[PDB]
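Fold and geometry: a report
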Amino acid sequence: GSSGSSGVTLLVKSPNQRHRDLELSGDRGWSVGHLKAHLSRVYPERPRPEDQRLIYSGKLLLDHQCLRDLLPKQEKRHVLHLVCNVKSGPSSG
């Protein structure tokens, strides 16, 4: 994986489950699995990299997959869909 320019802009959108978007870097060298974590950061909440559901145009992302392969090689910017998933909450109260 020989690459080194700057990175790609990933538009972290939400499927009407939070609203608002977030544009972060998505270097073709990055890793879905890694990105997640990286996201959890920029994301105000500190979610999990295993929970963070990375989707691209509906197509759910894995983790080991590279953005290079995922993202195209022509278009500009990208619109991702990071779905946050907790682990049950303390109902009532």
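Residues numbered from 1 in each chain as written, not as in the entry; some residues may be left out. Heavy atoms only, no water.

Its PDB header attributes the entry to solution NMR.

**Re the UniProt feature "domain: Ubiquitin-like" in the chain**
Taking the UniProt record as the reference, the feature "domain: Ubiquitin-like" is found at residues 8-70. Secondary structure content for residues 8-70 is 24% helix and 24% strand, and the end C-alpha separation is 12 Å. (UniProt positions renumbered as here; feature names shortened; annotations may be inferred. Helix = DSSP H or I, 4+ residues; strand = E, 2+ residues; numbered from the N terminus.)

**Description of the environment of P15**
Here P15 shows up in the loop between β1 (9-13) and β2 (22-25). The spatial distance from the C-alpha of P15 to the C-alpha of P72 is 22 Å, given a sequence separation of 57 residues.

**Here's the deal with the layout of surface pockets**
Estimated volume of the largest pocket: approximately 190 Å³. If you trace the largest pocket, you find 14 residues lining it, with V8, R28, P72, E75 and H78 closest to the centre. Class assignment of the residues belonging to the lining of the largest pocket gives a composition of 4 nonpolar, 4 polar and 6 charged. (1 Å grid on protein atoms, 1.4 Å probe; cavity = no way out; pocket = protein on both sides within 12 Å on 5 of 7 lines; lining within 4 Å. Points joined across faces, edges and corners; volume = space filled by probe spheres on them. Nonpolar A, V, L, I, M, F, W, Y, C, P; charged D, E, K, R; others polar.)

**Here's the deal with the sheet that holds β1**
Pairing between the strands of a sheet comes from backbone hydrogen bonds, and it takes one of two forms, parallel or antiparallel. The mixed open sheet is built from 5 strands, whose spatial order is β2-β1-β5-β3-β4. Looking at the sheet topology across the chains shown, the edges are occupied by β2 and β4 (59-60). The pairing of strand β3 (residues 53-56) with β4 spans 2 bridges and is classified as antiparallel. Opposite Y56, over in β4, you have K59 as the bridge partner. (Pairing = 2+ DSSP bridges.)

**Notes on the pattern of salt bridges**
Going through the model one piece at a time under the given rule, you end up with 2 salt bridges. Across the pair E45 and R18 runs a salt bridge whose closest N-O atoms are separated by 3.0 Å. With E45 in the loop between α1 (32-42) and β3 and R18 in the loop between β1 and β2, the pair connects residues that are 27 residues apart, well separated along the chain. By relative accessible area, which is 40% here, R18 ends up partly exposed. Two residues, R77 and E23, come together in a salt bridge whose shortest N-O distance is 3.5 Å. Placement of the pair is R77 in the loop between α2 (67-70) and β5 (78-83) and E23 in strand β2, with a sequence separation of 54 residues. Overall, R77 belongs to the exposed group, its relative accessible area being 51%. Assessed through its relative accessible area of 46%, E23 is described here as partly exposed. (Salt bridge = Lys/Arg side-chain N within 4 Å of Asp/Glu carboxyl O. Buried < 20%, exposed > 50% of the residue type's maximum accessible area, 1.4 Å probe, protein only.)

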